[PDB]
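The chain contents come next:
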Number of protein chains: 8
Amino acid sequence: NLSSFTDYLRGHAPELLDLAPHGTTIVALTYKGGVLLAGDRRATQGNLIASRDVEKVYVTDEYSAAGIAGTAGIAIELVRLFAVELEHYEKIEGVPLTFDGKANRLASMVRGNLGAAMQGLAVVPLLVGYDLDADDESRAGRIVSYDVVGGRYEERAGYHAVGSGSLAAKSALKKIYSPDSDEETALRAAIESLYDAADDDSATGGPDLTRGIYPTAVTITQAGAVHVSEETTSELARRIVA
Amino acid sequence: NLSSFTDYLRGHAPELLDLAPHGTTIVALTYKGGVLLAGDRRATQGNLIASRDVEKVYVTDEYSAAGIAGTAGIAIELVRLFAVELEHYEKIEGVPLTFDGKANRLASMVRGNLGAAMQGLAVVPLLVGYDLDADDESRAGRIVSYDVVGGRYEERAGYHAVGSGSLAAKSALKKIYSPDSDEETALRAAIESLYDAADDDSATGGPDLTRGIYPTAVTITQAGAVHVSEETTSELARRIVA
Amino acid sequence: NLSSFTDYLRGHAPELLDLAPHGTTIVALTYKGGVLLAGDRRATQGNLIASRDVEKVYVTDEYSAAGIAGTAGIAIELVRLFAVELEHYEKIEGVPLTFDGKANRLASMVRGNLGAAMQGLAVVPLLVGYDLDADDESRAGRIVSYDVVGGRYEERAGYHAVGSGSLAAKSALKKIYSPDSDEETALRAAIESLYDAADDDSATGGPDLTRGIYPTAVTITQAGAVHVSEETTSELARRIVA
Amino acid sequence: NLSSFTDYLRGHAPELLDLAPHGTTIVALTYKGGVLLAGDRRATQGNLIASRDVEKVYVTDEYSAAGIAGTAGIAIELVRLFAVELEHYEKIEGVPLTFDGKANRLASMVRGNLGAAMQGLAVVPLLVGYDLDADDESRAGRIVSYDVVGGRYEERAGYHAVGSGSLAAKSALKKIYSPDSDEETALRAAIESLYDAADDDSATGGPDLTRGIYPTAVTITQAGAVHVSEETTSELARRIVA
Amino acid sequence: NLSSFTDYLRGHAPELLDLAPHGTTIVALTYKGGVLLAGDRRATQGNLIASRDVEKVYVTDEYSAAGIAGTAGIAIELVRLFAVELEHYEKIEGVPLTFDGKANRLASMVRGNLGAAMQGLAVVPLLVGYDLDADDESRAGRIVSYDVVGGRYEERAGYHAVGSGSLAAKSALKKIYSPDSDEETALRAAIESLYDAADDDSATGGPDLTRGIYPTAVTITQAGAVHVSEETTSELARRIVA
Amino acid sequence: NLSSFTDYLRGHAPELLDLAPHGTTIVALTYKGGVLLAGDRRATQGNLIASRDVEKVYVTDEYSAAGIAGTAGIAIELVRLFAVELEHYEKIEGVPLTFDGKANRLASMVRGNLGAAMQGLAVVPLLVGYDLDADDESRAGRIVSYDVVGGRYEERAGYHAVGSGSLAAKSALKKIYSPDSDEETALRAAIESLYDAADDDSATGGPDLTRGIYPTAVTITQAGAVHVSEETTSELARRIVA
Amino acid sequence: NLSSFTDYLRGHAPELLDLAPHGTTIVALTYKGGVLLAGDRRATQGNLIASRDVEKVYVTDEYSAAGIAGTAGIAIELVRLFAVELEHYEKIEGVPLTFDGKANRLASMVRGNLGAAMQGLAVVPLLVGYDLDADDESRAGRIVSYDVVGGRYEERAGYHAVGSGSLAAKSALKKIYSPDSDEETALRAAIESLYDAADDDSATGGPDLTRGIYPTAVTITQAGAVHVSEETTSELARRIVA
Amino acid sequence: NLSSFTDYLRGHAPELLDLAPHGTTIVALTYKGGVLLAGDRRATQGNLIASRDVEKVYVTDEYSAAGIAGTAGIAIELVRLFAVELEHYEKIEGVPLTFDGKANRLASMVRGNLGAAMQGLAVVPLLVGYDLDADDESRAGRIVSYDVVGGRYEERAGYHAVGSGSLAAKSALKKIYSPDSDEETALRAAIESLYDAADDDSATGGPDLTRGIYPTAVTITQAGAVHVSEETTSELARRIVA
């Protein structure tokens, strides 16, 4: 009734707003074309590995996507809803939400979990998208990070990450990353830091050539967001190794 | 229904009223023309730096603005709402609120966070503005400080500050500051105390010439409020150094 | 004065009896010749990897050795002391201790740490050796496991393990292992289970071909104990992979 | 009576074995000649800066030195004592201690503080030295790291660090450091990671060109250990900058 | 709907009924003409001085005023509301409230804060006024003191006080005060005890000649209540001094 | 039996090693001649003033003295003992202790109160002295500060302070102070910051012209230490005022 | 709507149903004519005297009154309300309530406060009255006492009391009191026990000839209740003294 | 064995170093002749008066005496011992202790009770005496106050007091007392403040003309200390009353 699918639940179906299978690291890079997301796939509840093929990065809509780090359970339902929220607002308003809209909405959905957060079950996302409304379609990619209390923040440094090995990955990028670059160079630097995060963090554990476990990725550009192929990544991670 | 945007939510949408990325220092000076705000840009969750380019001062309206210190997440949404509260009161009443009104409002919104305040997540703002209704348009610049329980307070000493390094900056100004002065001299004493604050406080860390991290400022006068330029600041902090 | 180096400390220098860098998995296998130990080399304090080259298995004396799992700091000093407890008893008595002696001593040393155990800083070892006093030099290899309260337990099943990934390894061996076998077959089955333990346990993380991190091993026989080479392990784990 | 200055106090003057002024980061690099230590100089009690000129690295003896991170009060006395323990053992024995001795001693002194550690007042050192007893005088420089429960650990990666910005610095070196290099190159990479540690950690805050606050350093080689000059550091950090 | 501005909020806007900037002492004297209030101006949060110019006494209505000691945030809003409660009741009823009414109201507002009181944020007022309904217009000035649980109490001793230095001041007056006197004499004895309160209480700190910090005062009589001039105070405190 | 008076008690009379009357601020300045101490005289238990004439600075020996902040009771006996420790070491050794000795001693005595410290009853001293063994008798003045855990620290900035208002006084000096200066100029900057300390701190309250309460001072030079006269202070604080 | 003023609040204005100024002793006596109450006038919060002229006995209606002991604030409002509860029932029903009615009502009002009771802020009253419906107008005086949980109890022994010094007074009366007697004899015995209660109880403190502090009294009879004069008490307590 | 009776117990009989009957107020005045002590006599355990004739001030020796406030039990034994301590040191050394000796000794005895103190059972004395060694026998009287942690303090203001009504008494004296005066004027001012203390404190309760309870006093002068007669006080307190 303000075109918020969420807010509809709010008034018509409220029941929809390490004890359980944890998180992992996720990286974000800006570049000439657009932007991209790459994130590990290891879900760990304790020191015990619970799953090694869990997708952490999802495509929210046509020109954006986000990766969520924290309690798998809570993080999944949350992104699915965020997606819905965005789609519904389009089918109703006719148009899609600004990028700054999608973000402020995601924030609200985060600010909403703050209760569970202070109770251990916290989640935090990393939002990326091609700003169809950006003046210079050159730097039209964007990266938004979040709080637990629901703060929205602008990247403004070309990259960022969230999760256990984020401090690691962020540091690797501080070196292995440079502005305006290929959607091949970036997707490379990504698989990289995601390798370094795995080095200094048992909770991540990036590319594992022996098992066939490869980082999940997604690139967004003036054409939209597309999930990178399992081939473009593996023959890409093999390249990174030495 | 009293022209309060807030109060509308109060009754039609109540869901809008170091675990997460902290604060920083913000100064305020009075002068001949009007008044101004200058604040650090370093957000620190823990002892770890979370961002070095965060803006802490915003322009609330044509003839006023404020800076907030405390949980970034909470502080942001809070000022964004304050801005709206004001703009909406204008469009409805046709006229704007007294300065004393804008203040009493901001304080109500602060009192409203008292709950979160007593749970660590506190925030406190610094409000400044050119009082279009002041008898002597000479001393028409004002500074209001706040409690946590939402008390409103008048500067009456030409300067103030809030944040970890406030105690330090206040003391610097207690020396490097003098009444009626240039909108070049005050902006000068502001980048100054903002420097001394960073000296005796790892949570602040004002002007960093090596990184390109400069203090955010904003001045308000009989012409309104305007955000100082990145240039007017850097070539200004270089002057301060020695 | 009972030929116990320890007991000498007991009466003449008593000061020698995840806040800090944790444990890992260690396996023990019995076979035709004798017995062996193989342990991971990853030390993890928290979910963070602290070291990936830490040796967990040590050769206690000519015909025995043991791997200890638990607080690295407490576990190091404990084995070293055990070693000395052994060597000193020989030099003094002229002969060496029975294997059942060496074990009962090691048990005493564990019992001693129970204090620290009940405060998180616990440690548990795995003891193996060629019993020069066993009747049938065919099954002369032995495995002793321990409690926290200082219990001594006999393997009697050809294999055992201790650590975070022990439950895993134990199970892999419950399959990939068979009695009387090569000191090549068992050194094989060890690297194996040491691989499966790493699969279902982020704390362990066995053979990592990409980094050059290989499991440490040791085999004791009628000739005595000797530390397997870095070559006999890598070209051995490569074989294991698929 | 075992040549242990310490042990004499133990039996003849036992009274010598953020409420108060904290720590900072320290780095350690290995190279062709020998090894070195470089560490920040900022002491921080709270978020407040307590001193910006505190030396964190000391030369323990002719061929060795160490940096200690943790409560300054406890860390000072502890190293001064280690110094003496080493010197006294010499004058008595006539010869000096093995390097492996000096470390085992240092570790015992740390294990000694474990009580205070589990009460907040913890301290951890990083030990380096030119092993006069090493076979290949090429890789004769060594790095030992410690636990809180007193574990002794070998570097075996050419670099290491301790302190708040340690995770940072360690990561910077993971990129900017290469084996066998100059005692100019390493001293370079040190001041570097020490800069990066200050980037992502308010508790550190490396080279400050504006204030004249430069990292403290020390190199040890076949000639012994010598404290690098204030000039060799500043005209070195200026170089690092861009 | 009982002419209670308060009670309207009660049913139509309930949201209006040392972490934060504390109190100070306030004195009350009776005399020939009417009565008066004089109170310190130092707000102290901790041992730290937060403001030295805060007015603690306000004129509630034509013939009455009150001073409130306790958490400044809570004490301000509370008196401002009491003000309104009184004024609104008039405009509606046409006539004003008895004095005994104004107090009974004030007490209810205090009883209202009892919740916050039992949580540290307590506030207590001191009420004075010229009972236009008193038989002998000689002793027509009155003093009412309060509880925290909201008790209303009559002075009946010509003077009283509240705040940290209250015990002090009350004692000074027990000596330096005499019944029926000038509105110069009482204003004199007030500035006096207010000086003595500052002698034995760091939280107060009355007249400060050097800084120009003078006690705030207010007298009420058959003409009404009027705030004493900054001159009548300073040239009055100078007199008191020796 | 090591010429330590203390140590004698240690073994022959061990019984000598806001519930109760608190502290205050104390400053220290370096200069051409020597160095000096100036400290407040207001003792405050609670928010209540307990005494306004207490001396916080004492002359430890011919060429040194110190001021202590923290529980008065503890602080007194502590300095009295320090004095004796020194004098007794002289009479026995015939010579006096290095300045660096007197310091190391004072720190041991502080470490000795660590127990009481962690129970609220803490105390911290400021030691100053003319180093009769300093190469350049120009900068022969020294300032040593302390931890609570007994750390010793060198000023190396010409000035320091300890106490509630230290933060304030330090900041004042950070402005009103300059190197090599008169023993009239420094004593001037001392009464100054001692004034600003009292401005932003109710626990201090420096120079009070109205009461006759003046800051206690002491200067040490190549001639020794001498306690400044009540006159040299009053006619000095009158000069400072405006 | 049952003629209960209270019950009207219950459904139309519910907001009307030693941190703060305590109680005192109150006595009740039966006699020929009717009954009476006499109570101390000292309010004590802590060990500190807060007021020495507070009236504890009030006349509820024409033929009854009561004294309340406990939290002054809670006790005041409670009796006032009782009064009104009574008067209103008359105006409405036209006649007055039975005495057994007035009591059962008062009991209900007490039962209501039980909440606050169990939190320290308790209060207990003593109710007396001339039962216009008693058969033998000789013993028409009555005394009712109460619980905290709201129990109603009959005297049936001519006297009773409540307060800190009650145990004392009760005992004095157990001696100095006899049935059917003058309203001069009983007013005498009351001032007496009210004297002994003060002897063995610093909280009470009856008749103080030196200060002019005299016990408050009230006598109800077939004529109704009337408050004894200040003369009939002082010249009455003077008689009691020796 | 240092002439300390106490210290003898220390080594030969250690067992000699509101649940129970409390304290009271005690005053101290200086004057032309010598000095004096006067203190209430009411012992209160709770709000209940336990005794009204308890002597609180004792004559320590020929030229000194002290009053103790706190737990009667602990305060009695303590002063008796202090007396003994003083007498014994005379019989042994031949001479009596300096005044400054007696005081430092008393302090030690207080510092000794600090354990019980932090457990409620605290005591604190007020020491007075004629300093046989004072230069100007005019101001030869002295007043020493104490801490709980055993601090010793000099009066230096002519008067002081300890106990519940000390804040009161101290204030009364701030007015009713002047320097050099009669041993009749002072003993008057004493009985005075001791009257005022009783006014604002149920725990004291000075002169009671009706019961015959009179303040106990003691004067010391160049002739020695003598306990004032019951007559000199009563006919003295009657004089004070109006």
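Criteria and cut-off values
- The numbering scheme counts residues from 1 along every chain following its written sequence, independent of the entry's numbering, with residues that lack coordinates not shown.
- Throughout, the order in which chains and ligands are written sets their labels, letters from A for the former and numbers from 1 for the latter.
- Here the displayed chains are drawn from a larger assembly, and the quantities reported describe the displayed chains exclusively.
- To get the side-chain values, all heavy atoms of the structure are used, and hydrogens and water are removed first.
- Residues with missing side-chain atoms are left out of burial classes, side-chain pairs and their counts.
- UniProt positions are given in the numbering used here, feature names are shortened, and annotations may be inferred rather than shown by experiment.
- Helix and strand assignments follow DSSP, with helices taken as H or I runs no shorter than four residues and strands as E runs no shorter than two, numbered in order from the N terminus.
- Values of the radius of gyration come from C-alpha atoms, whereas the globule rule sets the reference at 2.2 Å times the count of residues to the power 0.38.
- Note on pairing: two strands pair once DSSP finds at least 2 bridges between them.
- Lines fitted to C-alpha atoms define the axes here, with helix axes fitted over just the stretch in contact, and angles between the N-to-C directions of these axes take values from 0 to 180 degrees.
- By the convention used here, residues are in contact when the closest approach between their heavy atoms is within 4.5 Å.
- Alignment of the copies rests on a least-squares superposition of C-alpha atoms.
- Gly falls in the polar group here, along with every residue not listed as nonpolar (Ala, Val, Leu, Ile, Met, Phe, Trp, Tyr, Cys, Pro) or charged (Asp, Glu, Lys, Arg).
- By definition here, a salt bridge exists when the distance from a side-chain nitrogen of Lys or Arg to a carboxyl oxygen of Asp or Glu is within 4 Å.
- Aromatic rings from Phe, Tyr and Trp, taking only the six-membered ring of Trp, are treated as a pair when their centres fall within 6.5 Å; an angle between ring planes under 30 degrees marks them as stacked, one over 60 as edge-to-face, and anything in between as tilted.
- Oblique is the label for any angle not under 35 degrees, not over 145, and not in the 65 to 115 range, which are roughly parallel, roughly antiparallel and roughly perpendicular in turn.
- Under the convention used throughout, the expected extent of a helix is 1.5 Å for every residue step, that is, one less than its residue count.

Under the PDB entry, chain A has the name Proteasome beta-type subunit 1 and belongs to Rhodococcus erythropolis. Recorded in UniProt under Pathway, the annotation for chain A is "Protein degradation; proteasomal Pup-dependent pathway." In its Subcellular location section, the UniProt entry covering chain A states "Cytoplasm".

Draft legend 1. View of the overall build of chain A. The helix and strand inventory of chain A stands at seven helices and twelve strands. In summary, chain A has a C-alpha radius of gyration of 17 Å against a globular reference of 18 Å for 242 residues, a match within 12%. Seen along its three principal axes, the alpha-carbon backbone of chain A occupies a region of about 55 × 45 × 25 Å.

Draft legend 2. Representation of the sheet that holds strand β1 (residues 26-30) of chain E. All names here are of chain E. The five strands are arranged β10-β1-β2-β11-β12 in an open sheet whose pairing can be described as antiparallel. The outermost strands of the open sheet, each flanked by one partner alone, are β10 (159-162) and β12 (224-226). Adjacent strand axes in the sheet meet at a mean angle of 15° when their direction is disregarded. Taken together, the five bridges between strand β2 (residues 35-39) and strand β11 (residues 216-221) define a ladder with antiparallel strand orientation. Within β11, the position partnered with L37 by the bridge is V218. Strand contacts of helix α4 (residues 166-176): β1 and β10, with the helix running at about 165° to β10, the strand carrying the most contacts.

Draft legend 3. Quick look at the relation of the copies chain D and chain B. Turning chain D through 180° and shifting it by 0.0 Å along the axis lays it on chain B, with an RMSD of 0.1 Å. Put plainly, the chains are arranged around a two-fold axis. Among all C-alpha atoms of chain D, that of D:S202 lies closest to the rotation axis, at 2.7 Å. Same-surface contact between copies: 100% of interface residues of chain D are shared with the interface of chain B.

Draft legend 4. Molecular detail of the interface of chain D and chain B. Counting from both sides, the interface comprises 14 residues of chain D and, opposite them, 14 residues of chain B. A total of three residues in the side of chain D that touches chain B trace back to one element, the largest contributor, which is helix α5 (residues 185-199) of chain D. Tallied by class, residues from the side of chain D that touches chain B come to seven nonpolar, four polar and three charged.

Draft legend 5. Focus on the arrangement of the chains. Between chain B and chain C there is no contact, and the shortest C-alpha to C-alpha separation is 17 Å. The two units chain A and chain E are non-contacting; their minimal C-alpha-C-alpha distance is 21 Å.

Draft legend 6. Structural detail: the sheet that holds strand β1 (residues 26-30) of chain C. Residue and element names in this part refer to chain C. Spatial strand order, β10-β1-β2-β11-β12: five strands in an open sheet with antiparallel pairing. The sheet terminates laterally at β10 (159-162) and β12 (224-226), the two strands that pair on one side only. In this sheet, neighbouring strand axes are inclined to one another by 15° on average, regardless of whether the strands run parallel or antiparallel. By the bridge criterion, three bridges tie strand β11 (residues 216-221) to β12 in an arrangement that is antiparallel. Looking across to β12, one finds that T221 is bridged to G224. Of the strands in this sheet, β1 and β10 touch helix α4 (residues 166-176), which is tilted by about 165° from β10.

Draft legend 7. Highlighting the pattern of salt bridges. E:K174 is paired through a salt bridge with H:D200; the nearest N and O atoms lie 3.7 Å apart. With E:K174 in helix α4 and H:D200 in the loop between α6 (186-199) and β11 (216-221), this residue pair bridges two chains. H:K91 is paired through a salt bridge with H:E87; the nearest N and O atoms lie 3.6 Å apart. Of this pair, H:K91 and H:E87 are both found in helix α2 (residues 72-93), four residues apart, which corresponds to roughly one turn of the helix. By sharing partners, the salt bridges in this structure join A:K174, A:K175, D:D196, D:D199 and D:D200 into a single network.

Draft legend 8. Structural context of the packing of aromatic side chains. Centre to centre, the rings of A:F5 and A:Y8 are 6.5 Å apart; their planes meet at 20°, and the pair counts as stacked. On the criterion of helical spacing, the pair formed by A:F5 and A:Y8 is a turn pair, its members being three residues apart in helix α1 (residues 5-12).

Draft legend 9. Representation of the interface of chain D and chain A in the model. Counting residues at the interface gives eight residues for chain D and eight residues for chain A. When residues of the side of chain D that touches chain A are traced back to their parent elements, those giving at least two are α4 (166-176) and α5 of chain D. Among the residues making up the side of chain D that touches chain A, the classes are represented as two nonpolar, one polar and five charged.

Draft legend 10. Highlighting the packing of helix α1 (residues 5-12) of chain B against helix α2 (residues 72-93) of chain B. All names here are of chain B. As a packed pair, α1 and α2 sit with axes 7 Å apart at the nearest point and diverge in direction by 105°. Judged on the interaxial angle alone, α2 and α1 are roughly perpendicular. Together, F5, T6 and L9 of α1 and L81, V84, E85 and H88 of α2 make up the contact between the two elements. Of the residues that constitute the contact of α1 with α2, the class distribution is four nonpolar, two polar and one charged.

Draft legend 11. Just helix α2 (residues 72-93) of chain E, in detail. Between its first and last C-alpha, α2(E) extends 31 Å over 22 residues, near the 32 Å set by a 1.5 Å rise per residue. Two residues or fewer after α2(E) comes E:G94, characterised by a positive phi angle close to 90°.

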